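S.K.: Pasting in a structure now, in structure tokens, and then I'll have a few things to ask.
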Amino acid sequence: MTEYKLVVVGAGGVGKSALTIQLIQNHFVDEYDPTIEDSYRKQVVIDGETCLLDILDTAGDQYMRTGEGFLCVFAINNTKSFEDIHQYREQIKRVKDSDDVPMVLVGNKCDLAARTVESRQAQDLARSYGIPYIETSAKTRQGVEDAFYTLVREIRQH
Ligand SMILES: Nc1nc2c(ncn2[C@@H]2O[C@H](COP(=O)(O)OP(=O)(O)NP(=O)(O)O)[C@@H](O)[C@H]2O)c(=O)[nH]1
Ligand SMILES: [Ca+2]
Ligand SMILES: [Mg+2]
Ligand SMILES: [Mg+2]
């Protein structure tokens with residue numbers, strides 16, 4: 001079957017681990033245990049295709065080198081995390097030595113009310129990169145499968 005190597009990156013505390021764990025294990029991690037480097041693997045059917053997903057959960061270059069697609073995550077209630085997305089874009093360019101890498105911009109914690117990053121603002125950034133913008137909530141599961149599955153579909157268009 002086809003294996004897809006996905007990598008989740010972004011500032012500390014934006015919800016990278018919670019997103020990955022919600023997708024793979026179907027539960028919300030409420031506590032905040034900073035990640036060093038973890039990996040998850042699971043078989044799922046996407047668009048009729050049985051897929052093996054290998055997901056690298058990073059801390060907010062070597063281990064990311066094999067990544068085929070990246071989720072660049074920021075939190076909608078953390079303006080600085082949005083402003084620093086370029087740092088992760090730069091790292092991905094360095095590790096893959098390419099300006100054409102499958103990616104999805106993710107605005108997480110959309111269930112929270114203290115929003116400082118408006119959807120339109122993120123849409124404009126995603127448009128400049130030529131990638132989709134999807135909002136998610138690791139807490140309610142909103143958009144979680146959509147974000148990861150869309151990344152797979154982006155890798156397919158590659
Ligand atoms: N309300 C809400 N809280 C969230 C959401 N995603 C994550 N959190 C909370 O935010 C905190 C940090 O989440 P975590 O997944 O550990 O973030 P991280 O990006 O993986 N951190 P690190 O880079 O240090 O590894 C946790 O207390 C977690 O419950 C979300 O969608 N909604
Ligand atoms: Ca703990
Ligand atoms: Mg983490
Ligand atoms: Mg503003």
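Labels used: A, B, ... for chains in the order of the structure tokens, numbers from 1 for residues in each chain, and numbers from 1 for ligands as shown.
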List the neighbours of residue 3 (chain A) out to 12 Å using only C-alpha atoms; skip same-chain residues closer than 2 positions along the sequence, and give me the result as a PDB file with N, CA and C atoms, in the first residue's frame.

M.R.:
ATOM      1  N   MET A   1       0.857  -1.209   0.000  1.00  0.00           N
ATOM      2  CA  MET A   1       0.000   0.000   0.000  1.00  0.00           C
ATOM      3  C   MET A   1       0.882   1.245   0.000  1.00  0.00           C
ATOM      4  N   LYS A   5       4.436  10.073   4.362  1.00  0.00           N
ATOM      5  CA  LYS A   5       5.189  10.591   5.498  1.00  0.00           C
ATOM      6  C   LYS A   5       4.808  12.044   5.752  1.00  0.00           C
ATOM      7  N   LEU A   6       4.027  12.261   6.805  1.00  0.00           N
ATOM      8  CA  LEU A   6       3.559  13.594   7.164  1.00  0.00           C
ATOM      9  C   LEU A   6       4.335  14.135   8.360  1.00  0.00           C
ATOM     10  N   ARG A  41       1.866   5.921  13.538  1.00  0.00           N
ATOM     11  CA  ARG A  41       1.603   5.228  12.291  1.00  0.00           C
ATOM     12  C   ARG A  41       0.230   4.580  12.341  1.00  0.00           C
ATOM     13  N   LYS A  42      -0.508   4.680  11.246  1.00  0.00           N
ATOM     14  CA  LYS A  42      -1.814   4.054  11.185  1.00  0.00           C
ATOM     15  C   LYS A  42      -2.315   3.904   9.758  1.00  0.00           C
ATOM     16  N   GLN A  43      -3.004   2.798   9.506  1.00  0.00           N
ATOM     17  CA  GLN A  43      -3.600   2.539   8.202  1.00  0.00           C
ATOM     18  C   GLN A  43      -5.009   3.144   8.149  1.00  0.00           C
ATOM     19  N   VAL A  44      -5.282   3.874   7.074  1.00  0.00           N
ATOM     20  CA  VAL A  44      -6.578   4.510   6.890  1.00  0.00           C
ATOM     21  C   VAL A  44      -6.925   4.505   5.410  1.00  0.00           C
ATOM     22  N   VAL A  45      -8.215   4.513   5.099  1.00  0.00           N
ATOM     23  CA  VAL A  45      -8.642   4.534   3.711  1.00  0.00           C
ATOM     24  C   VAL A  45      -8.980   5.974   3.353  1.00  0.00           C
ATOM     25  N   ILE A  46      -8.317   6.495   2.329  1.00  0.00           N
ATOM     26  CA  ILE A  46      -8.563   7.862   1.880  1.00  0.00           C
ATOM     27  C   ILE A  46      -8.898   7.801   0.395  1.00  0.00           C
ATOM     28  N   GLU A  49      -8.435   4.513  -1.362  1.00  0.00           N
ATOM     29  CA  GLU A  49      -7.108   3.979  -1.276  1.00  0.00           C
ATOM     30  C   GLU A  49      -6.709   3.660   0.153  1.00  0.00           C
ATOM     31  N   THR A  50      -6.320   2.416   0.393  1.00  0.00           N
ATOM     32  CA  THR A  50      -5.760   2.052   1.697  1.00  0.00           C
ATOM     33  C   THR A  50      -4.340   2.710   1.844  1.00  0.00           C
ATOM     34  N   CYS A  51      -4.254   3.637   2.796  1.00  0.00           N
ATOM     35  CA  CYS A  51      -3.035   4.389   3.049  1.00  0.00           C
ATOM     36  C   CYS A  51      -2.376   4.088   4.387  1.00  0.00           C
ATOM     37  N   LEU A  52      -1.049   4.108   4.399  1.00  0.00           N
ATOM     38  CA  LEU A  52      -0.294   3.989   5.641  1.00  0.00           C
ATOM     39  C   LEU A  52       0.236   5.409   5.960  1.00  0.00           C
ATOM     40  N   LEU A  53      -0.242   5.980   7.052  1.00  0.00           N
ATOM     41  CA  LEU A  53       0.210   7.302   7.438  1.00  0.00           C
ATOM     42  C   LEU A  53       1.295   7.246   8.500  1.00  0.00           C
ATOM     43  N   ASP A  54       2.434   7.843   8.194  1.00  0.00           N
ATOM     44  CA  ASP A  54       3.539   7.946   9.147  1.00  0.00           C
ATOM     45  C   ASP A  54       3.585   9.436   9.527  1.00  0.00           C
ATOM     46  N   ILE A  55       3.233   9.755  10.765  1.00  0.00           N
ATOM     47  CA  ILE A  55       3.197  11.144  11.188  1.00  0.00           C
ATOM     48  C   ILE A  55       4.257  11.492  12.222  1.00  0.00           C
ATOM     49  N   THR A  66      12.881  13.208   5.523  1.00  0.00           N
ATOM     50  CA  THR A  66      12.090  12.275   4.727  1.00  0.00           C
ATOM     51  C   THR A  66      10.626  12.676   4.585  1.00  0.00           C
ATOM     52  N   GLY A  67      10.227  13.740   5.277  1.00  0.00           N
ATOM     53  CA  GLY A  67       8.848  14.198   5.200  1.00  0.00           C
ATOM     54  C   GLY A  67       8.411  14.507   3.779  1.00  0.00           C
ATOM     55  N   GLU A  68       7.210  14.071   3.417  1.00  0.00           N
ATOM     56  CA  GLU A  68       6.693  14.296   2.075  1.00  0.00           C
ATOM     57  C   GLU A  68       5.665  15.421   2.048  1.00  0.00           C
ATOM     58  N   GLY A  69       5.096  15.729   3.209  1.00  0.00           N
ATOM     59  CA  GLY A  69       4.104  16.784   3.319  1.00  0.00           C
ATOM     60  C   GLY A  69       4.152  17.356   4.720  1.00  0.00           C
ATOM     61  N   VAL A 152      -2.642  14.879   2.364  1.00  0.00           N
ATOM     62  CA  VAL A 152      -2.386  13.694   1.553  1.00  0.00           C
ATOM     63  C   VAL A 152      -2.744  14.001   0.099  1.00  0.00           C
ATOM     64  N   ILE A 155      -0.099  15.966  -1.594  1.00  0.00           N
ATOM     65  CA  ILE A 155       1.051  15.150  -1.951  1.00  0.00           C
ATOM     66  C   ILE A 155       0.742  14.430  -3.263  1.00  0.00           C
ATOM     67  N   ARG A 156      -0.519  14.043  -3.445  1.00  0.00           N
ATOM     68  CA  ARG A 156      -0.944  13.347  -4.659  1.00  0.00           C
ATOM     69  C   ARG A 156      -0.900  14.239  -5.894  1.00  0.00           C
TER      70      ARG A 156
END

S.K.: Give me the residues within 6 Å of region 129-137 of chain A as JSON, numbers by chain, counting only C-alpha atoms and dropping any in the same chain fewer than 5 places off.

M.R.: {"A": [104, 105, 106, 107, 108, 109, 110, 111, 123, 142, 143, 144]}

S.K.: Export N, CA, C and O atoms of the chosen residues as a PDB file, in the first residue's frame?

M.R.:
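Full text of again.pdb as output:
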ATOM      1  N   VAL A 104      -0.019  22.398   4.111  1.00  0.00           N
ATOM      2  CA  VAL A 104      -1.333  22.928   4.447  1.00  0.00           C
ATOM      3  C   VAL A 104      -1.105  23.849   5.644  1.00  0.00           C
ATOM      4  O   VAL A 104      -0.367  23.492   6.565  1.00  0.00           O
ATOM      5  N   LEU A 105      -1.700  25.041   5.600  1.00  0.00           N
ATOM      6  CA  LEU A 105      -1.601  25.997   6.704  1.00  0.00           C
ATOM      7  C   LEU A 105      -2.783  25.685   7.613  1.00  0.00           C
ATOM      8  O   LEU A 105      -3.932  25.670   7.164  1.00  0.00           O
ATOM      9  N   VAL A 106      -2.493  25.428   8.884  1.00  0.00           N
ATOM     10  CA  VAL A 106      -3.532  25.075   9.840  1.00  0.00           C
ATOM     11  C   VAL A 106      -3.699  26.078  10.970  1.00  0.00           C
ATOM     12  O   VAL A 106      -2.740  26.388  11.677  1.00  0.00           O
ATOM     13  N   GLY A 107      -4.922  26.584  11.119  1.00  0.00           N
ATOM     14  CA  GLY A 107      -5.241  27.513  12.191  1.00  0.00           C
ATOM     15  C   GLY A 107      -5.957  26.691  13.251  1.00  0.00           C
ATOM     16  O   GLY A 107      -7.159  26.430  13.139  1.00  0.00           O
ATOM     17  N   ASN A 108      -5.224  26.286  14.284  1.00  0.00           N
ATOM     18  CA  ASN A 108      -5.789  25.445  15.330  1.00  0.00           C
ATOM     19  C   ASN A 108      -6.394  26.209  16.504  1.00  0.00           C
ATOM     20  O   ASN A 108      -6.229  27.426  16.630  1.00  0.00           O
ATOM     21  N   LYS A 109      -7.104  25.462  17.352  1.00  0.00           N
ATOM     22  CA  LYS A 109      -7.792  25.975  18.537  1.00  0.00           C
ATOM     23  C   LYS A 109      -8.961  26.869  18.126  1.00  0.00           C
ATOM     24  O   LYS A 109      -9.276  27.850  18.803  1.00  0.00           O
ATOM     25  N   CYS A 110      -9.623  26.517  17.025  1.00  0.00           N
ATOM     26  CA  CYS A 110     -10.733  27.332  16.537  1.00  0.00           C
ATOM     27  C   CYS A 110     -11.954  27.312  17.447  1.00  0.00           C
ATOM     28  O   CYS A 110     -12.922  28.037  17.211  1.00  0.00           O
ATOM     29  N   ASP A 111     -11.912  26.480  18.483  1.00  0.00           N
ATOM     30  CA  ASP A 111     -13.005  26.395  19.445  1.00  0.00           C
ATOM     31  C   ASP A 111     -12.891  27.510  20.484  1.00  0.00           C
ATOM     32  O   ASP A 111     -13.857  27.813  21.186  1.00  0.00           O
ATOM     33  N   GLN A 123      -5.946  33.251   5.338  1.00  0.00           N
ATOM     34  CA  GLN A 123      -6.242  32.912   3.950  1.00  0.00           C
ATOM     35  C   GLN A 123      -5.267  33.637   3.033  1.00  0.00           C
ATOM     36  O   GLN A 123      -4.788  33.068   2.049  1.00  0.00           O
ATOM     37  N   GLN A 142     -13.122  19.267  15.030  1.00  0.00           N
ATOM     38  CA  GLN A 142     -13.486  20.021  13.836  1.00  0.00           C
ATOM     39  C   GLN A 142     -12.282  20.204  12.919  1.00  0.00           C
ATOM     40  O   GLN A 142     -11.215  20.643  13.358  1.00  0.00           O
ATOM     41  N   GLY A 143     -12.458  19.850  11.648  1.00  0.00           N
ATOM     42  CA  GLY A 143     -11.412  20.001  10.649  1.00  0.00           C
ATOM     43  C   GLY A 143     -10.166  19.147  10.753  1.00  0.00           C
ATOM     44  O   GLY A 143      -9.305  19.216   9.875  1.00  0.00           O
ATOM     45  N   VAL A 144     -10.061  18.333  11.797  1.00  0.00           N
ATOM     46  CA  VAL A 144      -8.871  17.511  11.980  1.00  0.00           C
ATOM     47  C   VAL A 144      -8.608  16.523  10.841  1.00  0.00           C
ATOM     48  O   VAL A 144      -7.515  16.504  10.275  1.00  0.00           O
TER      49      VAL A 144
END

S.K.: Set the cut-off to 12 Å, count only C-alpha atoms and all ligand atoms, and list whatever residues fall near ligand 4 as a list in words.

M.R.: residues 76, 77, 78, 79, 80, 82, 83, 114, 115, 116, 117, 118, 119, 120, 121 and 122 of chain A

S.K.: I need the residues in region 46-155 of chain A that are strand (DSSP E or B) according to DSSP; give them as JSON, numbers by chain.

M.R.: {"A": [46, 49, 50, 51, 52, 53, 54, 55, 56, 57, 58, 69, 70, 71, 72, 73, 74, 75, 103, 104, 105, 106, 107, 108, 133, 134, 135]}

S.K.: Write the selection just made, keeping N, CA and C atoms, as an mmCIF file, in the first residue's frame?

M.R.:
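Wrote it out as result08.cif, contents follow:
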data_model
loop_
_atom_site.group_PDB
_atom_site.id
_atom_site.type_symbol
_atom_site.label_atom_id
_atom_site.label_comp_id
_atom_site.auth_asym_id
_atom_site.auth_seq_id
_atom_site.Cartn_x
_atom_site.Cartn_y
_atom_site.Cartn_z
ATOM 1 N N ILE A 46 -8.317 6.495 2.329
ATOM 2 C CA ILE A 46 -8.563 7.862 1.880
ATOM 3 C C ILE A 46 -8.898 7.801 0.395
ATOM 4 N N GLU A 49 -8.435 4.513 -1.362
ATOM 5 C CA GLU A 49 -7.108 3.979 -1.276
ATOM 6 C C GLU A 49 -6.709 3.660 0.153
ATOM 7 N N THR A 50 -6.320 2.416 0.393
ATOM 8 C CA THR A 50 -5.760 2.052 1.697
ATOM 9 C C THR A 50 -4.340 2.710 1.844
ATOM 10 N N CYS A 51 -4.254 3.637 2.796
ATOM 11 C CA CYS A 51 -3.035 4.389 3.049
ATOM 12 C C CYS A 51 -2.376 4.088 4.387
ATOM 13 N N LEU A 52 -1.049 4.108 4.399
ATOM 14 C CA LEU A 52 -0.294 3.989 5.641
ATOM 15 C C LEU A 52 0.236 5.409 5.960
ATOM 16 N N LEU A 53 -0.242 5.980 7.052
ATOM 17 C CA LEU A 53 0.210 7.302 7.438
ATOM 18 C C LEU A 53 1.295 7.246 8.500
ATOM 19 N N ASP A 54 2.434 7.843 8.194
ATOM 20 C CA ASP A 54 3.539 7.946 9.147
ATOM 21 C C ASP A 54 3.585 9.436 9.527
ATOM 22 N N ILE A 55 3.233 9.755 10.765
ATOM 23 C CA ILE A 55 3.197 11.144 11.188
ATOM 24 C C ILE A 55 4.257 11.492 12.222
ATOM 25 N N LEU A 56 5.099 12.465 11.884
ATOM 26 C CA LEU A 56 6.153 12.922 12.781
ATOM 27 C C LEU A 56 5.653 14.155 13.528
ATOM 28 N N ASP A 57 5.578 14.033 14.848
ATOM 29 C CA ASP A 57 5.125 15.099 15.734
ATOM 30 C C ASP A 57 6.378 15.776 16.287
ATOM 31 N N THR A 58 6.667 16.974 15.788
ATOM 32 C CA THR A 58 7.868 17.707 16.185
ATOM 33 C C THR A 58 7.696 18.693 17.338
ATOM 34 N N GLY A 69 5.096 15.729 3.209
ATOM 35 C CA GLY A 69 4.104 16.784 3.319
ATOM 36 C C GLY A 69 4.152 17.356 4.720
ATOM 37 N N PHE A 70 3.879 18.648 4.851
ATOM 38 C CA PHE A 70 3.935 19.291 6.153
ATOM 39 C C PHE A 70 2.698 20.084 6.531
ATOM 40 N N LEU A 71 2.311 19.979 7.799
ATOM 41 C CA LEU A 71 1.207 20.775 8.315
ATOM 42 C C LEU A 71 1.905 21.897 9.073
ATOM 43 N N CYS A 72 1.696 23.140 8.649
ATOM 44 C CA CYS A 72 2.293 24.287 9.333
ATOM 45 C C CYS A 72 1.184 24.828 10.212
ATOM 46 N N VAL A 73 1.323 24.594 11.510
ATOM 47 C CA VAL A 73 0.305 24.965 12.480
ATOM 48 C C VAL A 73 0.574 26.192 13.342
ATOM 49 N N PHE A 74 -0.462 27.013 13.510
ATOM 50 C CA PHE A 74 -0.418 28.170 14.404
ATOM 51 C C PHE A 74 -1.750 28.112 15.157
ATOM 52 N N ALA A 75 -1.889 28.896 16.221
ATOM 53 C CA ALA A 75 -3.134 28.914 16.988
ATOM 54 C C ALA A 75 -3.831 30.251 16.752
ATOM 55 N N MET A 103 2.093 21.162 1.410
ATOM 56 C CA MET A 103 1.829 21.765 2.714
ATOM 57 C C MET A 103 0.395 22.245 2.861
ATOM 58 N N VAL A 104 -0.019 22.398 4.111
ATOM 59 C CA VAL A 104 -1.333 22.928 4.447
ATOM 60 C C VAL A 104 -1.105 23.849 5.644
ATOM 61 N N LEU A 105 -1.700 25.041 5.600
ATOM 62 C CA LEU A 105 -1.601 25.997 6.704
ATOM 63 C C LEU A 105 -2.783 25.685 7.613
ATOM 64 N N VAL A 106 -2.493 25.428 8.884
ATOM 65 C CA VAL A 106 -3.532 25.075 9.840
ATOM 66 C C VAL A 106 -3.699 26.078 10.970
ATOM 67 N N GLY A 107 -4.922 26.584 11.119
ATOM 68 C CA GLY A 107 -5.241 27.513 12.191
ATOM 69 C C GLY A 107 -5.957 26.691 13.251
ATOM 70 N N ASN A 108 -5.224 26.286 14.284
ATOM 71 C CA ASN A 108 -5.789 25.445 15.330
ATOM 72 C C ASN A 108 -6.394 26.209 16.504
ATOM 73 N N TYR A 133 -5.747 26.667 3.391
ATOM 74 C CA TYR A 133 -5.813 27.099 4.783
ATOM 75 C C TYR A 133 -7.027 26.377 5.354
ATOM 76 N N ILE A 134 -6.830 25.668 6.459
ATOM 77 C CA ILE A 134 -7.916 24.939 7.098
ATOM 78 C C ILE A 134 -7.874 25.192 8.602
ATOM 79 N N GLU A 135 -9.023 25.508 9.192
ATOM 80 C CA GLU A 135 -9.075 25.727 10.636
ATOM 81 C C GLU A 135 -9.455 24.428 11.326
#

S.K.: Hey, which residues sit close to ligand 1? Say within 7 Å, counting only C-alpha atoms and all ligand atoms, and write them as a PyMOL selection string.

M.R.: chain A and resi 10-19+28-36+58-60+108-112+136-139

S.K.: Do you know which residues are at most 10 Å from residue 95 (chain A) counting only C-alpha atoms, after dropping those on the same chain fewer than 2 positions away, and could you put them as an MDAnalysis selection string?

M.R.: chainID A and resid 61:67 90:93 97:98

S.K.: Tell me, which residues of chain A carry DSSP alpha helix (DSSP H), written as a ChimeraX atom specification?

M.R.: /A:16-25,79-83,85-96,119-129,144-157

S.K.: Closest to ligand 3 among A:2, A:25, A:113, A:38, using only C-alpha atoms and all ligand atoms?

M.R.: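 The shortest atom-to-atom distance to ligand 3 comes from A:38.
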
S.K.: Work out how far CA of residue 100 (chain A) is from CA of residue 158 (chain A), in Å to one decimal.

M.R.: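 Result for CA of residue 158 (chain A) versus CA of residue 100 (chain A): 8.4 Å, one decimal.
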